[PDB]
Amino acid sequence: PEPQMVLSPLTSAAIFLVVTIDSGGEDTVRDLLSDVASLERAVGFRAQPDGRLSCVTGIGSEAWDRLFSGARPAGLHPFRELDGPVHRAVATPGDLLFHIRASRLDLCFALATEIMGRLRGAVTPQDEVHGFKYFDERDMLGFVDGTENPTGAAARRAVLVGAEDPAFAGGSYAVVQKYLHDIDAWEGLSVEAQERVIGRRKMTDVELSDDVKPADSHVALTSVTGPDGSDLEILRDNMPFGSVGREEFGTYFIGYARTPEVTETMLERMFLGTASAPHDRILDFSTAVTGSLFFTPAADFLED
């Protein structure tokens, strides 16, 4: 089975589109789903090989039941709100996700235009974010972002549904959250205090040794080991976004995994805390304003 382009080369631009399906809009949606791969080629082919355009399409739990009869993917459920003692992960509505990536924003915008053109009258937009990466892979906090993502065979194993749910093999699960940052408070920390929040050196991107790394650092809390002592991994493609006039400085988080359990365990540790950590210190400078969960089927599923 052929996956969607979940494992994409590095891109410097992205559009995230989240919509809800209006009553009566089901048929229009199903037709667009069967054409989205053809639209990706149409927009992208003439800008190859530099364009690097791809579109990953995801479907939410409630939407799935409205669109399709028969089997559901085993891990598909609505995003679970987390009400921590200090920080909250909100659940917000979303039926479809389009994760559009390329080397330039214009290509993203052209594909998004064709997709939304086909869905006019059948969907209501909930979120639209135009992201850009900094030229040295840094995010809005000034840290390199993406370093420990798995690659090659380890990425496929971490991200693609396999034999445990054979009808849906080659799919994946995406979690999205839009975060806004308090840059004024962040810039009041010394660089060394910032390093203790994240768990890595700022300039050189070397991980802090186990004797200095705090238990409530981002990297400590999002490091999880399975029963067999192996690392449980996700693939992230976080993107800065913002607006200088409205003082909006953000990170759009997106994490792909073979089962939502891995991502959800990381979120629980961050937001609810553990015995050794009250919460993830990154949350003292970062507020989540959306949260949604989607299944991203194999490309062949959509082509039917």
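All residue numbers refer to positions in the sequence shown, first residue = 1.
Stretches 26 to 34 and 249 to 257 differ in mean C-alpha B factor, with the higher average recorded for 26 to 34.
Legend: mean Cα B-factor per stretch from the PDB entry, 223 to 231 versus 192 to 200; the higher mean is in 223 to 231. Listed residues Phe45, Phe68, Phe271, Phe241 were ranked by CA B-factor as deposited; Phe68 comes out on top. Across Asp165, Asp205, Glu114, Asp145, the greatest Cα temperature factor reported in the deposited entry is at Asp165. The entry lists a Cα temperature factor for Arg80 that places it in the highest third of the chain's modelled residues. The PDB entry assigns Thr124 a C-alpha temperature factor belonging to the middle third of its chain's modelled residues. For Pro278, the recorded CA temperature factor ranks within the lowest third of the chain's modelled residues. When the modelled residues of the chain are ordered by their C-alpha B factor, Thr11 lands in the highest third.
Ranked within its chain, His218 lands in the lowest third, by CA B factor from the PDB record.
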